[PDB]
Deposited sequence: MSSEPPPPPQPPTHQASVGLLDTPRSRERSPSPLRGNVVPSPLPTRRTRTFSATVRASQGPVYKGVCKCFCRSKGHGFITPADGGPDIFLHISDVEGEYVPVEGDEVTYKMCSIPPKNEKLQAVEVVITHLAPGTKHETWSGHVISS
């Protein structure tokens, strides 16, 4: 897919997203050097695509990290997460900040 960054979300796309509900989920995947990953919804579902630009906080996300996010459709059905916050850090792994 043409990568839907946060500096790229259309005006309305962004406003609609921000007005939706807040979801809980877990970080399944994330490659810092690629700029993306996925998030396994809580309340079960297809994994939501995750772009590095939509991430919030000093920390780089890691598999098993708990997250809250809003959804934003991409121009088909695919789903993206926006306004993404790490709620719980996964114990055991090393957690790293950007920089």
Checklist outcome for this item: In deposited-sequence numbering, the unmodelled segments run 1-40, 115-116, 142-147
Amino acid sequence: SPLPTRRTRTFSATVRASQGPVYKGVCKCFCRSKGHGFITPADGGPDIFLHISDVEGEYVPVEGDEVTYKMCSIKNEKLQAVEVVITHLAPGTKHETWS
From here on, numbers count along this sequence of modelled residues.
Checklist entry - Higher mean Cα B-factor in the deposited model: 38-46 or 64-72? => result 38-46
Checklist entry - Where do the C-alpha atoms have the higher mean temperature factor in this entry, in 87-95 or in 6-14? => result 87-95
Item to check | Third of the chain, ranked by Cα B-factor, where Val55 sits | outcome: middle
